[PDB]
Structure formats: C-alpha cells, structure tokens
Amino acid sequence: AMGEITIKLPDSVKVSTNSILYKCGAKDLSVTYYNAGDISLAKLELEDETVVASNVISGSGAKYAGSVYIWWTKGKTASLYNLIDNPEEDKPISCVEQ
C-alpha cells in the first residue's frame, strides 16, 4: 500500500533527516535518523527486519529502543542488542560509522 509513515506534529518544529552508514563486522547497515525537537527516531534496515526505534533515556550515548532491539551509539561506535536472542544483553553486535 502506502510505503510511508507520516507522523503529523502539532507545531512548526524543524524536522531533520539524516542517513548514516555503519559497518557491523563484514556487513553494511543503513540507519536513518529523524529529529524533530524532543523527538528522535532511528530506522534501522537490518537484514532480518526493518525497525523503527525511538531515542530513550540513557546516561551516556544515544540509545534507541524498538521491537526486540536496543541500538546504542557512542561517538563513532554502536552496539545492537537483540533481547530475544540475547536477553542477558552481553553479546551485542558491534558496529562503527563508515
């Protein structure tokens, strides 16, 4: 059908969109970030799934949660946690900005 999610905001806030390429081992990962003031979302085009995660409270880094995943960036690095395959959260996939 539509092929787009359109989220109508209630004010005239600036919306920015930015695609960042990551390398996760031997694999490529495209993440698109959507920022509109308080709102920060990340679309991750994973091999097994397309996920949209929302930025959530963290002490350090920029942490996004969506579906079974946590995507947590810090500087040029990132960890992708899978809470179904790895509920102990000690074996995330490690990624770096390309």
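The first residue of the shown sequence is 1; numbering continues from there.
So which stretch wins on mean C-alpha B-factor, 27-35 or 43-51?
Taking the mean C-alpha B-factor of 27-35 and of 43-51, the larger value falls to 43-51.
Averaging the C-alpha B factors as listed in the entry, name the stretch that ends up higher: 68-76 or 53-61.
Per the PDB record, 68-76.
Splitting the chain's C-alpha B-factors into thirds, which one does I5 fall into?
Ranked within chain, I5 CA B lands in the lowest tercile.
Taking the entry's C-alpha B-factors for this chain, is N82 in the lowest, middle or highest third?
Bottom third by C-alpha B-factor.
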